[PDB]
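No lab work stands behind these numbers, since they all come straight from the coordinates. Cβ sites come from the backbone with ideal geometry, for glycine too, and all protein chains shown count toward neighbours.
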Amino acid sequence: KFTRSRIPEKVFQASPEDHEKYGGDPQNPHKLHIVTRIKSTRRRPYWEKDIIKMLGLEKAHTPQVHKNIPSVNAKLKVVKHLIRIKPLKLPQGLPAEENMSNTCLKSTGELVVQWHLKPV
Amino acid sequence: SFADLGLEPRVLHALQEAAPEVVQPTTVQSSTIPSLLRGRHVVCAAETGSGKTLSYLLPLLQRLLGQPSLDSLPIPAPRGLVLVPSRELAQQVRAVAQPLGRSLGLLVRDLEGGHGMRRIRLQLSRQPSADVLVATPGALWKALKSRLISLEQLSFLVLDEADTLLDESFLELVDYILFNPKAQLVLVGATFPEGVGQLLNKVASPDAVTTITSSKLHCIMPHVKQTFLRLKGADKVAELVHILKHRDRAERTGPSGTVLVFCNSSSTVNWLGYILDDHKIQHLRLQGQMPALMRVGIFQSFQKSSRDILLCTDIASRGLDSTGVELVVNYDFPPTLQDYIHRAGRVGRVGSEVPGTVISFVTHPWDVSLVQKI
Amino acid sequence: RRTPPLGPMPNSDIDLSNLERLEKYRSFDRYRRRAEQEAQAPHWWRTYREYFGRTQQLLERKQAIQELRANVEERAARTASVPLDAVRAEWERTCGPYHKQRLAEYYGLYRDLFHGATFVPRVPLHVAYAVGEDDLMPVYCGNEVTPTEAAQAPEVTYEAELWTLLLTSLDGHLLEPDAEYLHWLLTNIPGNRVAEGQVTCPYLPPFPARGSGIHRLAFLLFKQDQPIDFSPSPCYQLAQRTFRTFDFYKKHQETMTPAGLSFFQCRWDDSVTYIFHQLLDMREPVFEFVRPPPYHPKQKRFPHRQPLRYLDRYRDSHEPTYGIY
Amino acid sequence: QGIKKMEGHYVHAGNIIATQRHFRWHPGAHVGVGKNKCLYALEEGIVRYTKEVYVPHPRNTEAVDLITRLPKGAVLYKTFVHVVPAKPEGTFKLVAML
RNA sequence: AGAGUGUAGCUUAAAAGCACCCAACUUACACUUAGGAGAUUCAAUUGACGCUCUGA
RNA sequence: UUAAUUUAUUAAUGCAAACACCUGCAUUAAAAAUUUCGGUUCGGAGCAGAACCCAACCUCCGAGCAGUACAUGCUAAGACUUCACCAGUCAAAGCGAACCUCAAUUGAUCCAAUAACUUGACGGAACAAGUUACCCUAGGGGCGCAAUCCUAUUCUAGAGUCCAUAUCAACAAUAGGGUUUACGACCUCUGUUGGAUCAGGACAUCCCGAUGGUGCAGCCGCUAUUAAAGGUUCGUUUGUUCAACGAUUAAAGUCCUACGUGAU
RNA sequence: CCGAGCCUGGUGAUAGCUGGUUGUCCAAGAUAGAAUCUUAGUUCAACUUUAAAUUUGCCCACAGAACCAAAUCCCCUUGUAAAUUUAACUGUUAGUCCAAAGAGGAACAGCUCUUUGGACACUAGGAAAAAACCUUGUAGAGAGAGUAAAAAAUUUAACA
RNA sequence: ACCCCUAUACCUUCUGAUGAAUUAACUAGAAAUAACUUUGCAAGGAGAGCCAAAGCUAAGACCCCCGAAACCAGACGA
Ligand SMILES: [Mg+2]
Ligand SMILES: [Mg+2]
Ligand SMILES: [Mg+2]
Ligand SMILES: [Mg+2]
Ligand SMILES: [Mg+2]
Ligand SMILES: [Mg+2]
Ligand SMILES: [Mg+2]
Ligand SMILES: [Mg+2]
Ligand SMILES: [Mg+2]
Ligand SMILES: [Mg+2]
Ligand SMILES: [Mg+2]
Ligand SMILES: [Mg+2]
C-alpha cells in the first residue's frame, strides 16, 4: 500500500560533523530559502504532485523561493525527495525601493545589490 | 478457545459434555463469544448450527452470573430473553437451553402461540419469573397486553433468526415488544440483507457486526455438493421419485437417509405428501396449516429422525439444527436465494464435519434463479 | 458497543455473596435517608444539578434543660408554652449570624450590591418605620413595607456604640441595571446616635414604578474604626443617587467591615407617584410584565386533516373582509 | 415506541418527547405525561437526561413494598428527562410615562 | 513494669446522627405514631484517672 | 400428440324454434386453430400425599353458559394522521368528584352475510410436452518405417534390515511387436433383485465347547460370560432376500461384501 | 435455388447485430456500486460539465475513534485557490500494465478474483528493436547554449 | 537528380487484425414538448380557443444510411 509514508525526525537532525560538511551553523539560521525541481512531477504521489503545485513549482529547472517557516519546512520535506532547496542568502542589505530594479540571484546564494555593467 | 472465555465449572463441564463435537470454540464462535461477554450490543451472521447459540448463551450465562437474584422476585418478567420466529425453532432453543441450565441455576422457558396459555401463564411459568425465556412475538404481545409479562426487567436480549424476525409480519410485533433500552442486545443470523440492517439502525446506537466466511455471496458450502436440475417440472417429481429411487440406495447402506423437502405452499405440501404417502414413502409433513399438537409430534419425531422423509413449508425453511441430516431436496426451490441458502445450511448442521446430499428441483419462476444459481 | 458507568456503579459493593445478610431498608425513612445521602453527592453520571445547579456553656445549658425537665415533670409535656420572644432574642444573640447570611444570600443582596463577598452580620439591626405615633412598623430582614407608609425616614436599632448607615435599592430603577439607587447616607455616627453622624444624602421616599414586579431595598450599617470624609445634600436628581455598593466598599471602605443589614420590599403606591410628580418632577413610568408570544406553526398550502383553525393563525383578528368595496 | 425527540433539541410545549410501554423513560423537570405513560414537553427549551434516584409516591403500595425489598444500601436511580426552559417567563416593558 | 490508649453501643462528628427500650396495630416480626433514657474521665498543647495487650 | 386451451368448421346426439328441411344452445369426438420443448374443544377431586410438570381407549363430577351493568364528567394548549378529505387517535393547563359474579363455560385463520358496526362452518407470485443425422437467417470459436507406447535386458549406480543378480531399478546401450497415434498418401475417386458359481468378514452364537446364577433334585430349559475353529438342510405356492406347506436337523442365526459376485 | 414453386402488392416489414456516416477555429473534459429470462443492451448510481443563486475550501496539529501491521477518518495553523444548493442533456463503467496486500489453480502461465498508488489507452529522448522500464511533461520560428536518463562487470584451487 | 542522416503504408473494432486497382459523378439528421437566448407587448397576452399569483405571443435549436431470413392477399406456372 503506497502512501504518504512516515519518515524519522532524524532525517532533519543535523550533526556538528554535518554542519561542518554543510555550510550551516546551529545558530543564526537562514532568513529565506530557495527551491527548484530536478525530478519529475510524474511518478510520485498525486498528493505530492499537488504539494509541488502548492510550492509554485509548475515550472522546473527554474528558481523559486519562500520563507523557510516550520510549516514551510514540513511542506518542503513532504516533497523533498523530488525537490532541492538552497540557502537563499543575501550578504548585502535587503533591496530598498531606491534599489528596486538592480537585483539578481547568483546560484551560490548571492542577491545582488546592483548588477552593474562593468567588471571589477 | 473456550477456556479463553472464562467458562464456569458448570459451563466448562457442559462444554466437556459437548465433546467430541466441541473440543474448542469455532473461529466465528471465538469472534462472537467474548465480545458478547464484553456486553456489546451486536449482530452476528455465520453458519447455522455452528455453536453460535452456545456462544451467545455462554456470555449470557456469564452476564446472568453478574446479575442479582433480587430482580427475580415474583410477578416480574425475565432478564434474559430470546426470540425465535417459529414455534419449532423456539422449542429447539428451549430444549438446548434446558440442557445447559440443568447444571446451572437459570430457569429456561418457552412461549409460543397456538399452545396452552394456562401452562404458559402458569404460576411457576409467568408469575415466579425465570432467568432464560425464549418467546414468540405473538404470545409475548398477548401477555404484555393482558399484563401477564413485563418489559422493564429485561437485561440481555437475543434475537435468533433476526432477519426472519425482520419480516414485515414479524417487524411490527418486535417493535411492539420494543422496554428498558439499556439492555444488552445480541442478534444472530446466517446473513444480513441490507434493507433490514438499517431497520436495526432505527433502534441502534454504536453497535457491532460479526460476519463469517466469504463476504461475497457465500452460496456454496465447501462441504456441500450441489446440482442443477436440467429438466422440466412435469417429470421432475417423478425424477424426484427417481431421486427417491436414488435415495433408495441411501436407504440401503445405513448411511442415514433423513430427507428434508422444501415446499413453498402448505396445500402444495399436502398434495405432494399425499402423493408420496400414496407412493409408499415414509413421509411426514409439517406446515403452518398443520395442527399444533400434530406439528409438535412431527417435530419430536424429526428430532428423533423417526420419519426419513419430511416435508416443510415456509414456516420451516431456516434455523434447523437436525442431527443426521444427509438428504435435502428442494422439492420447491425457495423464492429467496437467501431462503435457499438457509435451507441448505439447515442440513449438515453439525458443522463442517457431518456430510449430506443436496438436490434442488428447477421450475420456470426459478429460471431467473438460475442466474442466482451462477 | 456498550457504555458502562464512568465512575463506581450504584449498588455494586453492597451486594456481596450473602444478599440476605444485608440489613435492608426496613423503614422507608432509612431508604429515603440513604437516597438523600447519595443525592448530596454530585456523582459521575450527571444529574439535574449538572444542568441547573464552651464546656461551661454546655454545662449551663444542660443544667437549664434539667431544670426545664424537672419543672415539666412530663406533666407539662402531657403542652409547653415555649414563648417565642425569649427564643428569638436568644437566637439573635447566639446563632443569628448564619441565618442572616443565609437570608442575605437568598435575597441576592451581597451578590448584587457588594458584587459577592457575603458576610454574617454580627450586629442585630431592626428598623422601625414611623407610621403615626403608635405603633412603629417593624422592619426585619425581608419585612415588606408599602411606599405609602414609607414616606418618612425610619428609625433603626442595633444596640451598639463610629458607624455609617446607608440605604440602597438594588432593583436598579429608572436607569441601567447593575446599579442601586441611594436613598440615605449617614456617616460617622457616634455611638448609637445616628443623628450624631452627618447626613450626606437626605432620606428620599421609595419610588417603585407601576407593574415592575417587586423591588429590593436594603439598609446597611458597617463597623467603622475611624471616621472618614464623604463625597450630596438634599437632591431629587437620579444621576447623583445612582451608585454601586461594591465600588464604595472596595476602594473607599478599606478600614471598614459590615455589621448589620435589613432588607425590605418596595412596590408601586400612591406615595411613589406623589414623589414622582412633586419631588422627582417627572412622569411616572409603568411596566407591563409581558410574556413571550406563541411561535405559531408552519403555514402550508392545504390544512390537511386539521380543523378550521389552521388557516387563521398569523394575522389579526375579529372583522376583516374580501377584495374591495 | 421510543423517544420522539433527542435531548438538547429545542421543542415547543406539548410536543411528544418519549413514549414507552412500561416506563423506561421517567419524568424530569417540565415533562408532562398522561394515561399513556409517555413523556411530552411542558415548556419550550432544551431537553436533557439525568440519572437521579427515583422515590415513588406513597399512594403506590406495591412500589413501597419493592423499595422495602431493596436493601438499605441499595440505590435505585432512574433516567428522568428534564426540560430546561430556554426563554424566560416574561419581561417588564415600560408602558407609558403618565 | 512497658506499649496502645479515651464522644452512650458505633462514628476520616465538632455535643449531632445511626443505635436502646417502652407501648398501640400487630399470632408474631417489621413499619408507623407517641415517648423518654441516653456520652467528648478529670487537672494545667502536657499530666494523672480507666481499660486491652505484653510480663511477673 | 394422451403438452395446454379451445372449437371458428363438420358429425352426432339432446334441447329449443317450424310442422322430412333450416336456425340457436350445450356436450362429445374427428379434424383443425392459439400458445409452450429454461440457463450455468375447555375445567374441579384422585392417580400426581409438601415450588412446576407428569402418563393411560386412567378413576369420577362438569362446559358449548347463565344472571347483572352498558367523574366509563365537563372544558381546554400542544402533537399522531389510515398515505387527500372524511374518519380516527395522544395529551399538558382549568371547572367540578374520588383519594361485574362465576369453576370451567370455549378455537383458529380462510370464504360468507352485514353500508358499516356486527352476525354465519406466526407470513397465503396467473397459467403452456417431445424431434429436426434435412430445417432457415443472424452471432462465437493392404504396402515403407517406428518420431511415440515396446519387451529373452547389458554396465551394475542404487534400493531391497545385510546382500547389485529372492524382487525392483535409472543413465546410456545388443535390439527389432505390426495391437495405438501419424508420418509417404506407393493396390483406388460408476449396467440392476434373486438365483447358478465362488464365497471372504463380524459376533450381537441358532447348535456344539467351557462355565456362573437359576423359581438348576434328574431329564429338558432360561439368563449371563467366553468361543468364529466349524456348520447352520431339502423340497411345494410364488421369478421376492420375507411369508404359508411337509420331512428334518444338535442348529436349520443374522447381516455386510456396489442390500457380494452377469466386461455371458 | 425445392425442405417447401415464382412474382406483384402489402413492405421504408422486422432482431437490441456489423459497418459507415462528410469543412475550420477557441472553453471545459478517462473506470466507483445495484438491478436486468441480463452481462453484444437498458434502467436506479456516482461523476462531471455547463447556467443561475449562496462564502471558505485542499494541504493539516492537539484530542479522539473497540472488545472479540502499513495505517485510515474527524482534525487549529501553513501555503495556495475555489467550495454549497438548484436545474439540462449527453459521456465511462466489459479497462491494460506495473509496486504493495489477500483468495484460488502447479506456489506452470501475456491464468482467475477483491484493497492501496501510479501511469496508461495521449508528446519527446534513451534502453538495439519498444503500448508497460528511466527522464521529461503541453504548444511557433532561429543554423545558440546549459542540462537530464545515459553503452555491464568479471576467474580459481601451492605448502611446511 | 540519387547515393548523406532520421524516417513500423492509411481509415477503424480493439486493450495493444477487415476493407479500398485507379479515376469522375451520386450517397447518407428533418419530430420543438419542456427550459434557455433574443424581439414585441404587460396584470393581461395574443387577429374567437389557450394560459397567466410575471406572464403571453414570434423565431431558433433533439432525433440517420445500408443490410435479414419472415408472413398474408391476389395472380401465374404440368
Ligand atoms: Mg438506500
Ligand atoms: Mg458486490
Ligand atoms: Mg418520544
Ligand atoms: Mg417495397
Ligand atoms: Mg431499417
Ligand atoms: Mg442484437
Ligand atoms: Mg430479475
Ligand atoms: Mg422473470
Ligand atoms: Mg439478455
Ligand atoms: Mg473520414
Ligand atoms: Mg478487395
Ligand atoms: Mg431482405
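Would you check chain D for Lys pairs whose C-alpha atoms are within less than 21 Å, ignoring same-chain pairs closer than 8 in sequence, and give me the count?
Close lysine pairs found across chain D: 14.
Restricting to chain D, what percent of DSSP beta bridges are antiparallel, rounded to 5?
The antiparallel proportion sits near 90 percent.
What is the set of long-range amide H partners of B:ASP160 at a cut-off below 5 Å, with H atoms built 1.01 Å from backbone N?
B:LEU83, B:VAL188
Calculate, for B:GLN226 and A:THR3, the FRET efficiency according to 1/(1 + (r/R0)^6) with r their C-beta to C-beta distance and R0 56 Å; round to the nearest 0.05.
For B:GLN226 and A:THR3, the calculated efficiency is 0.85.
Magnitude of the Cβ-charge dipole of the protein assembly as shown, K/R +1 and D/E -1, about the Cα centre, nearest 20 debye?
Its charge dipole is roughly 4320 debye.
Using Cβ counts within 10 Å as a stand-in for footprinting exposure, how do A:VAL72, C:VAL123 rank, fewest first?
A:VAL72, C:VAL123
Using just the Cα positions, wrap the range A:1-117 in a convex hull and report its mean projected area in square nanometres, one decimal place.
9.4
Residues of B:37-43, mean number of Cβ from any other protein chain within 10 Å of their own Cβ, rounded to a whole number?
Other-chain Cβ atoms within 10 Å of each residue's Cβ, averaged: 2.
Could the peptides B:128-134, B:279-285 be put in order, highest first, of the mean number of other beta-carbon atoms found within 10 Å of their residues?
Put in order of decreasing packing, that is B:128-134, B:279-285.
Divide by every residue of the protein assembly as shown the summed helix terms, -39500 (n - 2.57) for each DSSP H run of at least 4, and state the resulting mean residue ellipticity at 222 nm, rounded to the nearest 500 deg cm²/dmol.
-8000 deg cm²/dmol
Please work out how many pairs of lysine residues in chain B are eight or more positions apart (or on different chains) and have Cα atoms closer than 29 angstrom.
29
Quickly work out the C:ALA128-to-A:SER15 label distance, labels modelled 7 Å from Cα along the C-beta direction, and quote it in nm with one decimal.
9.9
Please give every one of the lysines within straight-line cross-link reach of A:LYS59, meaning a C-alpha to C-alpha distance under 28 Å, and leave out same-chain neighbours fewer than 8 residues apart.
A:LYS31, A:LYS39, A:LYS49, A:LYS67, A:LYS75, A:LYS77, A:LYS80, A:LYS86, A:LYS89, A:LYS106
Would you be so kind as to identify which of B:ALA130, B:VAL42, C:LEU311 lies farthest towards the positive end of the dipole of the protein assembly as shown, taking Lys and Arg as +1 and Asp and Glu as -1 on Cβ and the Cα centre as origin?
B:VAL42
Over the C-alpha atoms of the protein assembly as shown, what are the Rg and the largest Cα-to-Cα span, Dmax, in Å?
Cα radius of gyration and Dmax of the protein assembly as shown are 43.8, 130 Å respectively.
Roughly what % of DSSP beta bridges within the protein assembly as shown run antiparallel, to the nearest 5?
Close to 60 percent.
For chain D, report the convex hull volume of the alpha-carbon atoms normalised per residue, in Å³, without decimals.
For chain D, the hull spanned by Cα atoms encloses 161 Å³ per residue.
Once the Cα gyration tensor of chain B is found, what semi-axes does its equivalent ellipsoid get, as square roots of 5 times the eigenvalues, in whole Å, sorted largest first?
35, 22, 20
Using 20 Å bins from zero, what percent of all Cα-Cα pairs in chain C falls into each bin?
21, 35, 31, 12, 1
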